[PDB]
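We begin with a single chain expressed as structure tokens, specifically the form deposited in one PDB entry.
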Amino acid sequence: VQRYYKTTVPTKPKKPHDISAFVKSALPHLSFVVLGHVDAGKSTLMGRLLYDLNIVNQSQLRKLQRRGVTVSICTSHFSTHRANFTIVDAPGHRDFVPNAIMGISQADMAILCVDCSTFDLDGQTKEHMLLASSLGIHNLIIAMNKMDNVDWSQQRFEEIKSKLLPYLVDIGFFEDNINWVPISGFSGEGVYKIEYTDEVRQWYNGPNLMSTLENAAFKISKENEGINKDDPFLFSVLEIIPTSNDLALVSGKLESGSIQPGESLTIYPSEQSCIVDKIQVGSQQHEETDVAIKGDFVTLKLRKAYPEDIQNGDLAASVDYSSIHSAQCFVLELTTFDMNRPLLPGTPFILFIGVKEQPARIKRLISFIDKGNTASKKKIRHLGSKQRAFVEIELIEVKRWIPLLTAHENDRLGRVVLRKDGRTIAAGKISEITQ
């Protein structure tokens, strides 16, 4: 209560591992979300994939051809020969956008399922893509689906791409981070275990979906092998599973560094320091690794923890890392979209960050940005559509403090999205905490 136990002195692992070695030795991992219209075939594509994975029945497939304390996101862990995967759910319904926000926020990258049959992407989907880049997703795989209904026309494929590509790019993505993959869905052609036809093979020479996914995972496995003891540990709390040793099971995702049994961490905003004596991974989370690293979804068994003051959305770090803060006010580098009304000093909205959402308002319009980050000298009285500006935000109606990290400490965690009147109006990066 009044105070929790807290140290800034790291505790040794029980069994120090060479982390670089451990990384190099381990299968690459990738998490992703699946986006797209319901008519786009997301579910049938997902069926096909799980079917080829022998996770889903043949009967199950045919029918489709028609608990912690509280739950923030849903995940599913599957694997292949070459890599481990985690599917995070992002419900595509108009009424569930916050929920989509939650899911996207925790995914490394996105698959965009698009119907190719006899191009204009719908609103809800343009929505989700806008959210994706806003929350830091840089990589996309475009699943060009139901090609059968266009008899695998390269013309159609090539035409859809030429319309979609420039859009994704206007939105913040880069051509080089996007992969385009033809699939049938009906037949599974292009998904995993059923190969492309010779006829398709003559114009399409690329990898199928599963291989593309596997390739993506490896790129990530690459970065991670540089990971040090000098690298900060960061962990997003996604679920606290329901003594006395102050044991607790906290599920989440590593956003940085590594963690081993015996090491400690501090949880914000409660500011309690804990010891992890077990790390459980996989669907089971009796599988127990002695190392977890950035990107892994795992469950930490903690000693000396008090779940009463640990919630979904909470952030944990190395004990000697002090860049996390609770604040009423902070500065956003703001990118505005197409809005109905302009933003003014005092305008309220809903702020979305990671898995959390919180009402807030503009405290100050500080300056337009004219180039990259340069603060323009044009006086700013109000902030309209398609503009970038530095802004000061105030949280309002605050029941509980929100742990915050600037986007320069961590690109992904420092991202926010702004909504008001049920529309996405802006995206920002946290530049400074006016703590």
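Residues that one form lacks are left out of the comparison. Note that the rigid core is defined as the largest set of C-alphas that superpose within 1.5 Å between two forms. Numbering starts at 1 and runs along the sequence shown.
Another form, the form solved in complex with a small molecule, is not on view; read the next lines as being about it.
Residue heavy atoms within 4.5 Å of the small molecule in the deposited complex occur in exactly one stretch of 307-315, 139-147, 154-162, 275-283, and that stretch is 139-147. Listed residues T406, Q387, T44, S31 were compared with the small molecule in the deposited complex; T44 is the one with a heavy atom within 4.5 Å. With the partner omitted here, the residue from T335, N84, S184, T212 that has a non-hydrogen atom within 4.5 angstroms of the small molecule in the deposited complex is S184. The small molecule is not drawn, but in the deposited complex it has a heavy atom within 4.5 Å of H37. Considering only residues present in both forms and aligning them on the rigid core, one finds just one run of three or more residues with C-alpha shifts of 2 angstroms or more between this form and the one not shown, namely 90-92.
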